[PDB]
Amino acid sequence: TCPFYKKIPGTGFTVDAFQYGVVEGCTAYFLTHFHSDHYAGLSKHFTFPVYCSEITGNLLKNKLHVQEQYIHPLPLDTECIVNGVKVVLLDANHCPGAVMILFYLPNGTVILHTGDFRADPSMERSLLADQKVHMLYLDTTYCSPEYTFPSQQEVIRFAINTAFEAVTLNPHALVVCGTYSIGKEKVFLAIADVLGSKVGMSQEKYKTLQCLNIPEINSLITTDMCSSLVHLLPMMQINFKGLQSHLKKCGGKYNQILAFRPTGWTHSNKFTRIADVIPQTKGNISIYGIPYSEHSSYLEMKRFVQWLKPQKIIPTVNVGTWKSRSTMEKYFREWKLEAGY
Ligand code: NI
């Protein structure tokens, strides 16, 4: 049964609620982004209207084979009427095609559902600026002050400089980047661009990337592994065993691997500056864990909410424990008292 925090009161609408069977009273199912915990349950046999972004709709059609007649893509930043209710989709600064949804209820209540997001001050000048929000359904993934990480731009700078140094010292080094879903494409695209290479990958991953409307993509990616010195592999293969095995396959073209694991936050964030990050090394293989996040830090989350001033907050992440819930409610009250709403 569908939980309360996936239902939008006063509507026929649910958000990211595909794993519950037919939800009683739901006339339209919204999907915020193409990540598995959110799309869980969709397939080619789904027969209810799905509302999402163009990019999310490309992935639904090509990867999950959802039939075209049930896919309803909406443009961003545009007032649209769905089953008699005004909605707007906003960029969520998460993975490609990820959105926030603004719902303008018939009784005058305004609701913002963030989906998954990385809050940014640029959101303070979207169509959110123009009106009041009564209820906020919030991505609270990192809602605790120990969760700090750098900007995405500093992390990319670290990775570009790292890769460029290694390969200029040894032109026979291979770079490998881990992946297990969409998002974080800047990591491997920025590295390949500094090295003057395309990024090589499996047919299944190339297909996924072809759905993302990324400009000039045919210039950046390829299925010909032999022609590329930046390879993508499944995240589970980013370990000494998996990389040794991969090095075997390259036919003595390479004699060293430098590999990157983009993670979210890890406890080495509580001690180490991005500048000071070092790899784990075994022989001719090194592995860097880099803190490339597509969710708000605690400070970024706080700034957004204190700007928005919602009347009520409903968390969508970390909802399963009482300790989590009590922690989050404490921070929301702090934020409200400090800012004065
Ligand atoms: Ni996500």
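Along the sequence shown, the residues carry numbers beginning at 1. For ligands, and for the atoms within them, numbers begin at 1 and follow the listed sequence.
Transitive grouping of hydrophobic side chains (ILVMFWY, heavy atoms separated by less than 4.5 Å) brings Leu308 and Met123 into a common cluster. Taken together through direct or relayed side-chain contacts under 4.5 Å among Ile, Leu, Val, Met, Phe, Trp and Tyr, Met235 and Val176 form parts of separate hydrophobic clusters.
Taking the centre of each ring, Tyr292 and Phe260 stay at or above the 6.0 Å mark.
Atoms of the protein (N, O or S only) found under 2.8 Å from the Ni ion (ligand 1) are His33 NE2, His35 ND1, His94 NE2, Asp116 OD2.
Side chain of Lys86 to backbone of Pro106: no donor-acceptor contact under 3.5 angstrom is found. Checking side-chain atoms of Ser228 against main-chain N and O of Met225 turns up no donor-acceptor pair under 3.5 Å.
Note on ring orientation: taking the six-membered ring where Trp is involved, the planes of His295 and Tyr142 are perpendicular (angle over 60°, cut-offs 30° and 60°).
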